[PDB]
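In case you want the letters, here they are:
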Amino acid sequence: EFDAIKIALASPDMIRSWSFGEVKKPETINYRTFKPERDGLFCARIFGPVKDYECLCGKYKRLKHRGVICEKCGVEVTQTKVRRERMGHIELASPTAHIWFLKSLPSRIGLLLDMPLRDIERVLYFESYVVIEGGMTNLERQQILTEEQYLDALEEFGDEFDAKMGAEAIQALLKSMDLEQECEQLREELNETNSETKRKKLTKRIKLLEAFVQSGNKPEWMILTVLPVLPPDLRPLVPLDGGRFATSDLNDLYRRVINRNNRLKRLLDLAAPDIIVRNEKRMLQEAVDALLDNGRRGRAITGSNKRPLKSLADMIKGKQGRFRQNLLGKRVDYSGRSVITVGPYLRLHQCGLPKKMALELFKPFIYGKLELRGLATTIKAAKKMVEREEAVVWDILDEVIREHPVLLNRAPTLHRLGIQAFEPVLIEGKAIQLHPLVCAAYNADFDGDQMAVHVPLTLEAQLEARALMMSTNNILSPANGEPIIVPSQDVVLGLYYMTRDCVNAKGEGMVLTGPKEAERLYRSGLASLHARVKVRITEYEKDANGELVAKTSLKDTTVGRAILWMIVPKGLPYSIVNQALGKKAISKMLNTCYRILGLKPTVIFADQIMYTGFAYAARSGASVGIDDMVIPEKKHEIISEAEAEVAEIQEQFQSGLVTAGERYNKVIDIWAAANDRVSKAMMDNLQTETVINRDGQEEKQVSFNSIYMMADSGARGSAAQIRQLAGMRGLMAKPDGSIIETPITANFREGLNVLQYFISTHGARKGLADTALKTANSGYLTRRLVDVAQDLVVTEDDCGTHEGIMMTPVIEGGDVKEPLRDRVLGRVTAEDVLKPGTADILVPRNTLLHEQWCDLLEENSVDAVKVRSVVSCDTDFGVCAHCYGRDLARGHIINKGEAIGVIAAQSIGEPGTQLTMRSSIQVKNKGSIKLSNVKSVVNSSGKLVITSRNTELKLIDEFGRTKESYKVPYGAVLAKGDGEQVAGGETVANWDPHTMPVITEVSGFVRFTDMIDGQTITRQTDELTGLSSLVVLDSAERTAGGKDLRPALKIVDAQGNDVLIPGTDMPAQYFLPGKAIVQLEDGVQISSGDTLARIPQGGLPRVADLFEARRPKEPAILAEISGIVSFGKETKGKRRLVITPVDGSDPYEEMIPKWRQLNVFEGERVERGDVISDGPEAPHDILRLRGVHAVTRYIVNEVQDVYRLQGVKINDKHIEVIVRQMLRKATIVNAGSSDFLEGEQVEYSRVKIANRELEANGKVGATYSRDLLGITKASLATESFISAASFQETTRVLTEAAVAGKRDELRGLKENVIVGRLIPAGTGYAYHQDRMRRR
Amino acid sequence: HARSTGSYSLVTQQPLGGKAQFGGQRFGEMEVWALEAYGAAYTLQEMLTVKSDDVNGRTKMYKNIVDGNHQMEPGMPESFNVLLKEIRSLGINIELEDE
RNA sequence: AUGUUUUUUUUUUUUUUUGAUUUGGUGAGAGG
DNA sequence: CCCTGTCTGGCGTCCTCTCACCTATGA
DNA sequence: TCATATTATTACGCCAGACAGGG
Ligand SMILES: [Zn+2]
Ligand SMILES: [Zn+2]
């Protein structure tokens, strides 16, 4: 029907072509009758007749002459909705410049006429004059004029002289502004200057000057001359219940503009003096500016009472504009809403739906069914039948329900599992019965929740509800590989009580010929549900190629494990039920069933799990009592020993032996120790309290205490909650953030007294305030993420590359945190992984790594896999099917089409609620040493000291994988060496961080080069020891006579000649920095490893500051080019740093703020990506210095650290694709033979297809540079202005798109959700393939 | 509460809100993102064009349902043409291009 | 065998199809 | 002229339910 | 009833982005 939406400026001829009549009078309506005004705002001739095909006044009351317009009516003759499309125009007496092009920041008329905003407004509000082609006088064109400047000029240049003001003058300036001429000038000005600031100031002005010439937008279209009025139907005038009309705000705005315009026409008729018509035109200017965007000028106008009234731009922008309130989200027919309840008899593809809601939602299907049978005739009869609800429409209703799915939806839908399609089962009742397992997907408890039902009307929508959105199809969460139909709380208690054991019961050690008579012995009353027993089970192992082989054997098991074996499908082994089956075990039971036997046995087995869990939890009778919370007998003596310890510490505090901070630290330490001891006392007293004999002496076992099974099963409860119900509830913290030294020694079974409950209320009010304010940032994070993603659709099958990121296991310094099988599960390898022995093709180079491949990776102990990542995908406008990976909720690769940006954005932002808002190296294991980034030297004693700061100390095992990693500073005492074998727990590293070592490479004698006591260094003989040290001063304390003196130590031989560095001809002089203290004095012979000086010195907003890419306040500074380094100017704002490369060109430098403790010396050579100071590091520096793969590893590690600290499983594909959407823009460095500009920022796919269709020719391409935009700056900088207008500020984006003449080749998800068509991702990707093919 | 078809608002062609007004469910923004997350392109197309806003689409759909033909004739939403007239009522010339 | 053999105003206009059942901002509070 | 406080604008969660209250003037 | 047309409170918290000031 139509391609792209084009936006441009509105010419006065274009506004007269939209229009149907000039709106003169401001008179709205008659108000005492019902008729409007002829001819006012709500006219007849200008727009249309209120009534359909009627002259409002009187003629044509049938259907013959539609169109005639008599003189007595001055009325058109069409439809009732004809006025909604027709718009009027107000002939503004005095020109008024647009507020969107005068105050957009930056203003469109501000950087175009080369005039400051302040000066532009002055003249615009009749407060300053502006010259326009004066003539032969001493005045510029842009230069303004004041009353005094004009008065004198008026008497001076009375002849050829022009100096107007207001929009009129502004219009002229714009009108008489040779665009083309300015281009060359600006272009020549940019090529004839070197000023950095000017360059950017000139490139931003020429960009908007050449863009205006590229389109059909004129400079004189900025000023509004023929103001357009919105259709009445769109500014509706309806009365509320009563006798008055509740009028809209736009009618106030238009009525004021028309009142003022009529006054201004009458004053220009009457020839009023100058100051009267200046105030009149100024009031018209402010009235127009208030109509368009109210409140952007000084304080907004108001009707009733002090609240400002809502203008047109406030009908567009904001949370309640048209995008976010009526075009992205709509209210919807065939929909319903009610309170949910359980109904556990359901199968997990069906839900209960009440009869009253079912007869209301399915009224047209029932009408169609009733008309088909022949029971009635006309439609009315059917509506009377279902209004009466006779006895025959319920069979009609059960025949329209049967195979027709519905979309259930819980009201805060965060990820895609919050809309699932069921089949209805009709309910006597008024509450939606919802299958319990599905509740863990919706985050739906049953404490008063409500859900909405939606009906797929058409046939393609019924098939999408059955084939994509059915609840049997969503059994794996799309964020990872974990099953989302995990059995939640009652059913794991029923299983944990069923499959367990006790050392004596009915039927101990009897033998049973099958699981059927195991259940028969449980039901008849001859054995117990947990009584250990040899049974004969027949497990089917499918060891052949798709053939199930029976093996039958006698397992020593219990009765309950055989009864649960009657429900397990064929292929699973018996050892999946042989254990005790908590919650992690039943989750991996369903996961192994899904990986082996597929989907249909896993659906029917999930239902049979839920049924048998509910049934035996009912048979269990697992209550909770007051006696179940067993108080430790050792608890009171532990509290008295802690009270004796705080008594000892305070008796030392009365005598002043210890400090106050050490007292507070000792009290918090002994109460933490006593808390851990009380928790261990109660945990022994709960986990093994049952001690029952069997045929003789006693024997112990794990307890059948009720609260212990609710904790050990993982149903509801943890260690901390069961700790607070029996042991002491810790040391609660006051809202100051610091802890309180007197704990809450009473649990909940004993009574809390008053003060302890008040401290508890501190600790809990902080948590409720944190959740109720955290949810806003979590939701706004999901919004920013799905609007930066929004476009990215799997659109190929292979990009045809060999690049991809290097997935290693991540190791922080403790034991190996996340194994390689969690990171390289289901992601397609980049090059073929060599087997760790020698040069073998273990896996090929384009294989998906599912579980079988990952097990053959874990057997061979594969180091790290080079795997394909989304950020390395070469596909223009989308992601190919291999560089994404596995489907994650489907076992296979991602299909051609499935929108991965939106599921990724939802999977990152959905756990936003669970996240929070507000010496030396000791080895642990026993293995082999390896060093990386190492340049070292052996000292005199033997410990290998390091001459490199950035050395990584890895502990590699005997197999080949890397198990530990650490960072060792410059100059540390390593107890070990390279390639060595150590023992578990042996200290291998040592240093002093408070004393920066200035250790050497060679030996010799020490001379004090440029070290003079009195100006350079100072004499501070030590007080308490006597062994003095010449203390080196810094460059700020010494005066300007000797500030140029750099103290240093250079090593010589026994004669005095300079001992050179081994490898060069340069001596090894070390320039001493500020605040140093000389350790080894003059004449002392040195060696390696000996110092030459003493140098003394996060949750959810972290996720936001990583995706939005803020800078930290003190970033780590780096080096943009390798080579030698040196210092510069002495403290003029900053302290300089000059880097001269060995082979490369010199002139790069950087002025470091000198408040940082540096890392580099003067004789040190640096590299790109090498640190100069320490602290956090901004991602833009990673991108422009190290590489794209470096910054994607930085973001995925720095945000999986937050998601792992709070314990959420998210696969890394989602963070890699939001990282792709961050660094999608690029900047040009060398324009080459293309049509770009020098420092123009252009999107990367554009410049790559440009120089890839030019490089296929003879011409060599253009060399770009990638840039990393934060997610809101990157979604507002898009080549599709509806995508950047449905999101944040619409004023800025619509003026930028309007003055650029931008066009929206739709080509994404939200443009097609706005404009009302098929999404180009899902089922509609075939439709968009067809439409893109047929052009 | 449930709604098949009844009265709507004035300015927009979408259904009213509430229970005291016999109105339908606001199919909000995150539900649209959840349908984009699946392949529900046709479910979303009737969810924002036929069931909600487009007047010719919904009258043709009601007659198509009661004839026994589950098929939608979509058209363009009315609130987007309301957007075009509110943007166009500024000094902005927003259009709809070639066939 | 036979019937101009008791005439007088005791009076002629339908439904018609063609269209629908009608409620906007502001602020406060609760559920999840 | 390159850092720099300082000022100005622009964000800040979805869905639902109940109730009340709505410009002054004026010969 | 039918045209006439706008004044005497302050008490968010970042976080970019643009601007006059000065070593
Ligand atoms: Zn007429
Ligand atoms: Zn690719």
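- As stated in the entry header, the method of structure determination is cryo-EM and the reported resolution is 4.1 Å.

### Concerning the coordination of the zinc ion (ligand 2)
Residues and elements named next belong to chain A.
- All of the protein donors around the zinc ion (ligand 2) are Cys 799 (SG), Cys 873 (SG), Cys 880 (SG) and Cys 883 (SG); their distances to the metal are 2.4 to 2.5 Å.
- For the zinc ion (ligand 2), the 4 donor atoms in the first shell make angles of 91 to 139° at the metal, a pattern classed as irregular.
- Between the donor residues of the zinc ion (ligand 2), the gaps in sequence give the motif C-x73-C-x6-C-x2-C. Taken together, the residues span a long stretch of sequence, with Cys 799 in the loop between α26 (754–789) and β22 (806–807) and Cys 880 in the loop between β25 (865–866) and α29 (881–884) at a distance of 81 residues. Each member of the pair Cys 799 and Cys 880 is classed as buried.

### What to know about empty space enclosed by the protein
Residue and element names in this part refer to chain A.
- By volume, the largest cavity amounts to about 80 Å³.
- Taken together, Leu 348, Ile 475, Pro 483, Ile 485, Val 486, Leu 590, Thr 602, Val 603 and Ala 606 make up the full set of residues lining the largest cavity.
- Broken down by element, the residue count for the lining of the largest cavity peaks at 3 residues, all from helix α21 (residues 600–620).
- When the residues that make up the lining of the largest cavity are grouped by side-chain class, the tally is 8 nonpolar, 1 polar and no charged.

### A short note on the environment of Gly1123(A)
All names here are of chain A.
- Structurally, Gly 1123 is set in strand β36 (residues 1123–1127).
- Owing to a relative accessible area of 1%, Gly 1123 belongs among the buried residues under this scheme.
- Separated by 40 residues in the primary sequence, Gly 1123 and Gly 1163 place their C-alpha atoms 10 Å from one another.
- Ignoring any residue separated from it by four or fewer positions in sequence, one finds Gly 1123 in contact with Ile 1139, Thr 1140, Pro 1141, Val 1142, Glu 1164, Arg 1165 and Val 1166.

### Things to note about the packing of α26(A) against helix α30 (residues 900–909) of chain A
Residues and elements named next belong to chain A.
- Interhelical geometry of α26 versus α30 gives an angle of 160° and a closest axis separation of 8 Å. The orientation of α26 with respect to α30, classified from their angle, is roughly antiparallel. When you trace α26 past α30, the crossing you get is right-handed. Counting all contacts with α26, which are made through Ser 778, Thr 782, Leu 785, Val 786 and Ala 789, the residues of α30 involved are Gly 901, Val 902, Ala 905, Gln 906, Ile 908 and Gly 909.
- A class-by-class count of the residues in the contact of α26 with α30 yields 6 nonpolar, 5 polar and no charged.

### With respect to the protein's contact with DNA strand E
All names here are of chain A.
- Taken together, the residues surrounding DNA strand E are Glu 27, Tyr 31, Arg 32, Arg 256, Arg 260, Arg 299, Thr 302, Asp 1105, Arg 1110, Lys 1132 and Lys 1273.
- In the model, a phosphate oxygen of DNA strand E is placed 2.3 Å from a nitrogen or oxygen of the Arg 260 side chain.
- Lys 1132 places a side-chain nitrogen or oxygen 2.9 Å from a base nitrogen of DNA strand E.
- Of the residues that constitute the surface near DNA strand E, the class distribution is 1 nonpolar, 1 polar and 9 charged.

### Comments concerning the packing of aromatic side chains
Residue and element names in this part refer to chain A.
- Applying the stated criterion to the full structure yields 9 aromatic pairs over all chains.
- Their ring planes at 75° and their centres at 5.3 Å tell us that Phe 362 and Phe 365 sit as a pair that is edge-to-face. For the pair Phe 362 and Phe 365, a shared accessibility class is recorded, and that class is buried.
- Ring geometry for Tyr 497 against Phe 704: centres 6.4 Å apart, planes inclined by 70°, an arrangement best described as edge-to-face.

### Describing the protein's contact with RNA strand C
- Taken together, 16 residues lie around RNA strand C, and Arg307(A), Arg410(A), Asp447(A), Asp449(A) and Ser9(B) are the ones closest in.
- In the model, a sugar or linking oxygen of RNA strand C is placed 2.3 Å from a nitrogen or oxygen of the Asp449(A) side chain.
- For RNA strand C, a phosphate oxygen lies 3.2 Å from a polar atom in the side chain of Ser9(B).
- When the residues that make up the surface near RNA strand C are grouped by side-chain class, the tally is 5 nonpolar, 4 polar and 7 charged.

### A look at the sheet that holds strand β26 (residues 928–932) of chain A
Residue and element names in this part refer to chain A.
- Pairing in this open sheet of 3 strands is antiparallel, and the strands run β26-β29-β30 from one edge to the other. Sheet topology places β26 and β30 (962–968) at the edges, where each strand pairs with a single neighbour. In this sheet, adjacent strand axes meet at a mean angle of 25° when their direction is disregarded.

### Here's the deal with the sheet that holds strand β1 (residues 5–9) of chain A
- Taken together, the 3 strands give an open sheet; going across it, the order is β43(A)-β1(A)-β3(B), and neighbouring strands pair in antiparallel fashion. Two strands in the sheet have a free side with no partner beyond their single neighbour: β43 (1303–1304) of chain A together with β3 (92–94) of chain B.
- As defined by bridge partners, β1(A) adjoins β3(B) across 3 bridges and the pair is classed as antiparallel. Across the sheet, the residue bridging to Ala8(A) is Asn93(B), located in β3(B).
- In this fold helix α4 (residues 78–88) of chain B packs onto β1 of chain A together with β3 of chain B, with an angle of close to 150° to the strand it touches most, β3(B).

### Section: the coordination of the zinc ion (ligand 1)
Residues and elements named next belong to chain A.
- Distances from the zinc ion (ligand 1) to its protein donors, namely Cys 55 (SG) and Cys 70 (SG), fall within the range 2.7 to 2.8 Å. In this pair, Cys 55 is assigned in the loop between β2 (19–22) and β3 (87–97) and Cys 70 in the loop between β2 and β3, connecting sequence segments 15 residues apart. The same class applies to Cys 55 and to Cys 70, which are both buried.

Reading the values: rules and limits
Residues numbered from 1 in each chain as written, not as in the entry; some residues may be left out. Chains lettered and ligands numbered in written order. Part of a larger assembly, values for the part shown. Heavy atoms only, no water. Donors = N, O, S within 2.8 Å, 3.2 Å for Na, K, Ca; no water. Tetrahedral: all angles 85-135°; square planar, octahedral: opposite > 155°, others 65-115°. Helix = DSSP H or I, 4+ residues; strand = E, 2+ residues; numbered from the N terminus. Buried < 20%, exposed > 50% of the residue type's maximum accessible area, 1.4 Å probe, protein only. 1 Å grid on protein atoms, 1.4 Å probe; cavity = no way out; pocket = protein on both sides within 12 Å on 5 of 7 lines; lining within 4 Å. Points joined across faces, edges and corners; volume = space filled by probe spheres on them. Nonpolar A, V, L, I, M, F, W, Y, C, P; charged D, E, K, R; others polar. Contact = heavy atoms within 4.5 Å. Axes fitted to C-alpha atoms, helices over the stretch in contact; angles between N-to-C directions. Parallel < 35°, antiparallel > 145°, perpendicular 65-115°, else oblique. Left-handed = near helix turned anticlockwise from the far one by under 90°. Near = heavy atom within 4 Å. Polar contact = N/O pair within 3.5 Å; in protein donor to acceptor, adjacent residues only side chain to side chain. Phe/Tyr/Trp six-rings, centres within 6.5 Å; stacked < 30°, edge-to-face > 60°. Pairing = 2+ DSSP bridges.

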